[PDB]
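**Q** Sharing a structure, written as structure tokens. Questions coming.
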Amino acid sequence: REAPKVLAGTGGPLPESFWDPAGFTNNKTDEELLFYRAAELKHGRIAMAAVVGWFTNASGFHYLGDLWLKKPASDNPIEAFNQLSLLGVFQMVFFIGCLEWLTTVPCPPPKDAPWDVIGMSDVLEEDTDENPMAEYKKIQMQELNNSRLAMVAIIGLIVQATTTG
Amino acid sequence: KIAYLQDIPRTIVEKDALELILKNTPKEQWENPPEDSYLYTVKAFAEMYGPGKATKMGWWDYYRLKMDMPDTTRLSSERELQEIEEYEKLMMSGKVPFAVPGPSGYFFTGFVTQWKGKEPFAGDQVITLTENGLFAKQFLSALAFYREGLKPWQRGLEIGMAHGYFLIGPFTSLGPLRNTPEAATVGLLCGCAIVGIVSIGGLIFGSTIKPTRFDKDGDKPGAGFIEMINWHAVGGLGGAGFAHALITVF
Amino acid sequence: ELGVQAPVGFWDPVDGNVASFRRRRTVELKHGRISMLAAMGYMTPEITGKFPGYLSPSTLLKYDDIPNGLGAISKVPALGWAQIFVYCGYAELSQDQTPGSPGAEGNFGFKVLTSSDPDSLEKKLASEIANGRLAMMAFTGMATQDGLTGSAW
Amino acid sequence: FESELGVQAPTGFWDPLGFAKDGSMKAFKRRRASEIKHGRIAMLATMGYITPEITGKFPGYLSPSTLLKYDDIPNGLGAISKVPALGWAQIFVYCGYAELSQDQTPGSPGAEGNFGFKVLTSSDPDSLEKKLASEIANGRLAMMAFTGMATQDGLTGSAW
Amino acid sequence: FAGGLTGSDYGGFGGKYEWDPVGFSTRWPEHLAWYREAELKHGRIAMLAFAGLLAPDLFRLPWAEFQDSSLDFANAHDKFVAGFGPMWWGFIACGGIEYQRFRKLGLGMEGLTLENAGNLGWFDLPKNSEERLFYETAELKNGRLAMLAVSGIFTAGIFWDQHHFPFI
Ligand code: CLA
Ligand code: CLA
Ligand code: KC1
Ligand SMILES: CC1=C(/C=C/C(C)=C/C=C/C(C)=C/C=C/C=C(C)/C=C/C=C(C)/C=C/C2=C(C)CCCC2(C)C)C(C)(C)CCC1
């Protein structure tokens with residue numbers, strides 16, 4: 001593999017199965033593969049929060065949005081987005097814009113691990129041999145596998161909602 | 001080998017249970033088990049009951065013996081012993097298996113954060129994620145108080161703008177005149193007053209402690225801090241006025 | 001080698017290489033398998049009937065209400081054929097041709113060839129591809145029959 | 001870059017807006033891959049309108065469950081709402097693979113318009129540039145023809 | 001693990017599974033012959049049981065006492081055994097077959113070992129030596145599945161009152 005070894009033992013059904021049934025990674029360089037993972041984790045981390053946000057909003061808990069609209073917004077998260085006051089949406093975009101600015105320009109993640117937006121690499125070990133720790137690779141699997149599931153899950157929610165209610 | 005650990009009857013203790021005891025017990029304690037250690041009872045009985053010794057016991061004595069020996073389930077297995085022998089090694093090596101408090105407890109995050117800092121005996125150099133992580137370090141360094149290349153008046157102006165813009169809100173809303181037709185000029189005045197009071201406090205600090213980390217070379221000590229505080233007052237005025245202007249216009 | 005047959009040679013009046021033939025071979029075997037599944041698959045809603053039944057999504061106790069060779073739909077089993085389409089993709093993305101080192105070898109999960117009866121190479125590999133070619137024409141000819149010449153039988 | 005397959009003859013290096021004063025060497029191939037892909041789609045798109053006009057609509061049923069004789073679906077804009085979303089999904093899926101096939105990632109053989117069709121592979125008779133330049137030039141014509149055709153079908157109302 | 005028994009090996013994404021998470025093999029190694037014999041005989045009967053519940057729904061035996069409706073899988077047992085009936089015809093038949101197994105392995109089943117277990121000697125389809133290994137695992141994997149399947153069939157069918165192939 002050579003370059004895909006930098007993201008090795010971190011995907012597939014079982015943790016050490018480089019899936020890629022399209023050749024999207026072969027012939028690509030090490031930095032490109034790392035950047036591809038940075039896109040994957042960022043999508044998945046947002047997808048995990050997106051699914052959680054979808055469920056806490058599709059059950060009837062839209063306080064900020066019921067207290068701002070002075071009426072219980074519809075449970076359907078897609079329809080509740082329209083009812084949500086335009087001031088709320090613009091502030092929501094701005095807050096994420098500040099976070100995206102903050103991570104990129106002032107506090108950039110490293111170039112070898114462009115997904116360390118919190119930056120554990122300066123205090124983490126990741127290469128020791130203890131059992132009651134050094135399971136960081138396993139928790140990387142749980143983040144990726146859960147996030148990948150959340151990505152297809154949230155799309156299913158949006159596609160079904162926008163079509164078959 | 002050790003005398004009393006040979007040819008011990010299975011009735012006194014089973015073979016697998018005895019091996020588990022010997023594994024759990026440290027090697028140096030086999031010869032003379034201490035006291036109150038299952039191996040101590042094994043020695044004190046296997047030296048009385050065996051092939052060449054008393055081969056029978058009263059039913060009650062055997063019943064009490066069977067309740068002094070381990071029941072094959074209260075002993076740590078090899079993997080548990082490895083868990084302990086490696087957890088203690090991590091803890092003594094200055095590395096902590098990272099854990100995060102939860103609902104009356106903590107979840108192990110499966111990460112080895114090196115705990116002791118560069119000065120291992122220093123108490124405030126124990127590196128944590130929230131202060132010594134890459135994001136935390138770059139966020140603290142990029143604050144107006146710490147940002148490289150900023151003139152002292154620029155730091156003061158930025159901090160003052162933030163403070164003045166924020167301080168208007170708590171007064172213009174839920175204030176004594178929160179329901180009056182103006183209800184915001186009062187908040188503007190109160191926010192400017194708070195900015196002035198904290199600026200006066202900063203001037204007291206700079207004329208008493210006199211920090212010299214912002215002074216350029218060959219200047220009156222504390223001049224950089226005083227300039228920062230004066231421009232914080234100016235920035236607080238500006239931010240308060242800007243927040244008031246936004247509230248009135250919009 | 002492999003699918004070279006007996007009644008004809010390389011039958012290439014148009015690939016004719018190594019790497020390009022390998023990809024074409026993967027297409028050939030793949031199309032062969034589906035036709036054989038489809039050909040025997042089409043004869044079954046015929047004699048033995050529209051065998052299905054049991055509690056299905058919007059098709060509870062559906063006796064395979066998708067009639068005719070095309071299957072039609074109308075929320076009858078053919079909508080459930082999309083589940084066949086989806087799960088067909090799962091096998092097409094897990095046991096696929098990108099890690100399929102030979103032409104169309106899936107590592108023989110069933111191990112039918114581990115002396116259960118099929119054999120490696122020789123006639124069996126040639127018999128699979130030749131049978132696939134016959135079924136592909138048969139399935140296409142069966143498609144013409146349903147369209148403008150009645151039904152299958 | 002001033003010597004690729006795009007410079008035909010009637011116009012030279014036609015970059016009035018200066019995308020090449022800063023166009024990196026890989027950016028050319030990326031934009032060339034965009035141009036080749038755009039042109040090939042336009043040729044397929046154009047055929048897809050002029051051919052159902054002269055040749056009648058498909059003899060068939062399109063959707064075996066929702067009575068689409070291909071005649072209730074007009075040739076032009078508005079057919080997007082007439083063709084089923086699944087027939088739309090299935091063409092989306094088919095086009096989805098055609099790029100999730102052998103990769104067109106930067107530097108890959110798929111990134112310069114090469115995919116393995118080889119319908120017209122002349123035996124290198126100084127014609128590899130001819131077929132390449134013709135495909136690019138026709139794609140440029142097809143894109144312009146389509147946009148006019150799209151405006152023809154829209155502004156008039158239907159077809160042409 | 002468990003002698004050379006073929007329960008593990010050729011068992012999924014991993015080559016070998018070796019699922020004995022109580023130690024009933026290591027704790028009782030003298031019974032690995034008995035356990036295989038029981039495991040196989042359970043699988044074969046369960047497979048005939050599941051394929052059973054379905055076929056009476058279409059064809060019925062010409063015994064002319066079984067040739068009656070309403071004999072589903074919740075009443076066929078208590079109905080056929082009479083004041084004797086068809087159930088004794090089946091039980092006597094199972095006695096005839098089971099007696100044959102005694103002759104091959106002795107009265108006390110002393111000849112029962114970890115290689116002859118569940119091997120009555122009926123060899124018509126199998127060929128070669130590696131296929132026998134492959135088929136033996138294919139036997140068990142089908143057999144173990146049907147043992148859980150008929151278990152779900154019997155419980156779900158009689159609890160939810162299904163009594164037919166969907167068993168729902
Ligand atoms: C934002 C999407 C995204 C991105 C950028 C990545 C990126 C990556 N994945 Mg990944 N993955 C994702 C989503 C994503 N993933 C989801 C949702 C799943 C669940 C099925 C997976 C499951 C998965 C496995 C099982 C494995 C990877 C692996 C990898 C790495 C190898 C590169 C690769 O596979 O192609 C990178 C490029 C892409 C993924 C392109 C995105 C997809 C294109 C645009 C077409 C898809 C469009 C789609 C058909 C239509 C959208 C709707 C759809 C939901 C129906 C790379 C870091 C491998 C790895 O690192 O293991 C060591 C590996 O084994 N992924
Ligand atoms: C997707 C469209 C597209 C793209 C990506 C390219 C890309 C390219 N062309 Mg190209 N071309 C196109 C369409 C396109 N072309 C069309 C339609 C024509 C016919 C007029 C041409 C004619 C042409 C010639 C004659 C030559 C090129 C060349 C080139 C290459 C270098 C020039 C460059 O950087 O162009 C970059 C192109 C773009 C960035 C496209 C931007 C288009 C802008 C945004 C809009 C233009 C107006 C538009 C028609 C408005 C439509 C109205 C609508 C809103 C209603 C590059 C690979 C040259 C070459 O190969 O050099 C070696 C060369 O000699 N092209
Ligand atoms: C929730 C209930 C449950 C079911 C229903 C189930 C089902 C099957 N498991 Mg399974 N399993 C767990 C639970 C369940 N498993 C758990 C908690 C663990 C963690 C200890 C675990 C681990 C393994 C491993 C390591 C293997 C394995 C196997 C199979 C197998 C055989 C298929 C085939 O070979 O025919 C089938 C049908 C083998 C394998 O082949 O998996 C495909 C094998 O190697 N399992
Ligand atoms: C809640 C939240 C949070 C926090 C946030 C914050 C903290 C915010 C802040 C904010 C702020 C705090 C802002 C501020 C701003 C300010 C401004 C914007 C200002 C401006 C000013 C100006 C502009 C001025 C000017 C002037 C001067 C300088 C002087 C003269 C006069 C004048 C006026 C000209 C977190 C993240 C934790 C999480 C969750 C969410």
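So you can find residues: chains in the structure tokens are A, B, ... in the order shown, residues in each start at 1, and ligands are numbered from 1 in order.
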Could you pull out the residues sitting within 6 Å of ligand 2, using only C-alpha atoms and all ligand atoms, and write them as a ChimeraX atom specification?
**A** /D:1-7,11-15,19-20,28,31-32,34-35,38,140-141,143-144
**Q** May I have the residues of chain D within 8 Å of chain A, counting only C-alpha atoms, written as a PyMOL selection string?
**A** chain D and resi 100-103+105-108
**Q** Please produce a file of those selected residues containing N, CA and C atoms, as a PDB file, in the first residue's frame.
**A**
ATOM      1  N   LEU D 100     -17.081   6.594  -9.967  1.00  0.00           N
ATOM      2  CA  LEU D 100     -16.586   5.762  -8.867  1.00  0.00           C
ATOM      3  C   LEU D 100     -15.983   4.446  -9.356  1.00  0.00           C
ATOM      4  N   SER D 101     -15.801   4.399 -10.673  1.00  0.00           N
ATOM      5  CA  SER D 101     -15.060   3.354 -11.366  1.00  0.00           C
ATOM      6  C   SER D 101     -13.572   3.630 -11.225  1.00  0.00           C
ATOM      7  N   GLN D 102     -12.763   3.029 -12.097  1.00  0.00           N
ATOM      8  CA  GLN D 102     -11.357   3.393 -12.230  1.00  0.00           C
ATOM      9  C   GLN D 102     -11.186   4.900 -12.068  1.00  0.00           C
ATOM     10  N   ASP D 103     -10.360   5.283 -11.100  1.00  0.00           N
ATOM     11  CA  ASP D 103     -10.431   6.621 -10.530  1.00  0.00           C
ATOM     12  C   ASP D 103      -9.968   7.690 -11.512  1.00  0.00           C
ATOM     13  N   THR D 105      -8.860  10.559 -10.051  1.00  0.00           N
ATOM     14  CA  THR D 105      -8.183  11.409  -9.089  1.00  0.00           C
ATOM     15  C   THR D 105      -7.010  12.124  -9.757  1.00  0.00           C
ATOM     16  N   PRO D 106      -6.597  13.287  -9.227  1.00  0.00           N
ATOM     17  CA  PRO D 106      -5.469  14.015  -9.829  1.00  0.00           C
ATOM     18  C   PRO D 106      -4.227  13.154 -10.002  1.00  0.00           C
ATOM     19  N   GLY D 107      -3.743  13.061 -11.241  1.00  0.00           N
ATOM     20  CA  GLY D 107      -2.609  12.237 -11.587  1.00  0.00           C
ATOM     21  C   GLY D 107      -2.967  10.857 -12.098  1.00  0.00           C
ATOM     22  N   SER D 108      -4.183  10.388 -11.830  1.00  0.00           N
ATOM     23  CA  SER D 108      -4.613   9.086 -12.305  1.00  0.00           C
ATOM     24  C   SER D 108      -4.873   9.136 -13.810  1.00  0.00           C
TER      25      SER D 108
END
**Q** Applying 12 Å and only C-alpha atoms, which residues near stretch 140-143 of chain B remain after dropping the ones on its own chain fewer than 4 positions away? List them as a ChimeraX atom specification.
**A** /A:102-103,105-108 /B:130-136,147-150,154-156,158-159,162
**Q** Do you have the atom CA of residue C:50-atom CA of residue C:152 distance handy?
**A** 13.9 Å
**Q** Which residues sit within 6 Å of ligand 3, counting only C-alpha atoms and all ligand atoms, listed as a PyMOL selection string?
**A** chain E and resi 11-14+17
**Q** Any chance you can output those residues with N, CA and C atoms as a compact mmCIF listing (two decimals), in the first residue's frame?
**A**
# COMPACT_ATOMS: atom_id res chain seq x y z
N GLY E 11 -15.28 -21.66 9.57
CA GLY E 11 -16.42 -21.15 10.31
C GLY E 11 -16.65 -19.65 10.23
N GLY E 12 -16.54 -19.07 9.04
CA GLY E 12 -16.88 -17.67 8.85
C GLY E 12 -15.71 -16.77 8.50
N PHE E 13 -15.77 -15.50 8.91
CA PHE E 13 -14.70 -14.57 8.55
C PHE E 13 -13.37 -15.01 9.16
N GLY E 14 -13.41 -15.54 10.38
CA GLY E 14 -12.26 -16.23 10.91
C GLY E 14 -12.28 -17.68 10.45
N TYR E 17 -13.35 -20.80 14.79
CA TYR E 17 -14.07 -20.11 15.86
C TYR E 17 -13.76 -20.70 17.24
